[PDB]
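Trainee: Let me begin by handing over the structure; questions about it come next.
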Amino acid sequence: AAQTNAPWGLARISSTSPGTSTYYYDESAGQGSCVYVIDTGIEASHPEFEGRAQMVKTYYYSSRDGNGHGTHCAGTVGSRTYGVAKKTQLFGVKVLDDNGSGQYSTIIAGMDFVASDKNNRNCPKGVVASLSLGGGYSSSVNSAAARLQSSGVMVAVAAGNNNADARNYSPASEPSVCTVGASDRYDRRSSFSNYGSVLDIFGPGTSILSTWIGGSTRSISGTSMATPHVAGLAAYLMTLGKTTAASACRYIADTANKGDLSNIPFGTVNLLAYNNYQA
């Protein structure tokens, strides 16, 4: 299939070269997969989700995304226009309050919830979690991400926006999950993107257009924006039978665009998420 005039990140993840505007993807589109967006929530009513999004858990007085961040990332995972995996099921897990912050304990609880909640859901193609959040290093936060991954969920987390080594951040520094750096539309590492050996993969992260609350749209930058690209790509590749939850991160790394990014410090992978789609 082809989405013309797609946001630059969707185009990028289906192209070997920057600057294109068409998103090429297999029509299966992640149908049969599920992606938990662990974030400020999801405005499930946004038309762009075509009813494929729902709130499943909140850690605050409301399930409403009163911030936008989580609606934005769900949109990049799976909205009709802004989404990588345009037929996936989205489940919202509100671990961040409307100011976008959440205690470590709450984020850990949210991941343990997904590990269990997926057994109540129909996801024949597999289960992804997209974690656009982070804080300082935390062994317990890391372990939570590792459990979620162990439980059979492809976990993707943001490297963090500190222009620093991601080893000092969690869950970015958990080895067993897919830690995602940000690139911009000129195939430069995003100026804010963390880096380091713990990074597994880069995705579009700078000026990413997606859904916003109020049924609106906006463009935001952050590794938190690159993360849902990789999660949607995993859900897409899982639906296509090309990889599994346990292997999707490595599979995406293996099949990535290699060496195309600039300002990747030595010791950090130079790999850009790519769907290798062929009409």
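The numbering of chain A matches Swiss-Prot: 106-384, in order.
Each Cβ is built from the backbone N, Cα and C atoms, and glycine gets one as well.
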Trainee: Suppose a student reads Swiss-Prot and sees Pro280, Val282 listed for Ca(2+) 1. Which of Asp217, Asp222, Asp305 should they find annotated at that same site?
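Mentor: Of the residues offered, the record points to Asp305.
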Trainee: Which of these links to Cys228 by a disulfide bond in Swiss-Prot: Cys139, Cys283?
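Mentor: Going by Swiss-Prot, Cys228 is disulfide-bonded to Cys139.
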Trainee: With the Ca(2+) 1 site defined by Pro280, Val282, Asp305, which remaining residues of that chain have Cβ atoms positioned within 8 Å of the Cβ centroid?
Mentor: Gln254, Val260, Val262, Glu279, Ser281, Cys283, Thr284, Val303, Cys354
Trainee: Run through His174, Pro280, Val282, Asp365 for me and report the recorded positions whose CA is within 10 Å of the CA of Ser329 (active site, charge relay system), in sequence order.
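Mentor: Checking Cα-Cα distances against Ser329 (active site, charge relay system), the recorded positions within 10 Å turn out to be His174.
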Trainee: Where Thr121 (Ca(2+) 2 binding site) and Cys283 (disulfide bond) are concerned, what is their Cα separation in Å, rounded?
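Mentor: About 21 Å separates the two Cα atoms.
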Trainee: I'd like to know which of the recorded positions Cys139, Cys354, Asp365 sit within 10 A of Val282 (Ca(2+) 1 binding site) at the Cα level.
Mentor: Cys354
Trainee: Excluding near sequence neighbours, so keeping only residues 6 or more apart in the same chain, what lies with its CB under 8 A of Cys228 (disulfide bond)?
Mentor: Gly137, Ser138, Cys139, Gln194
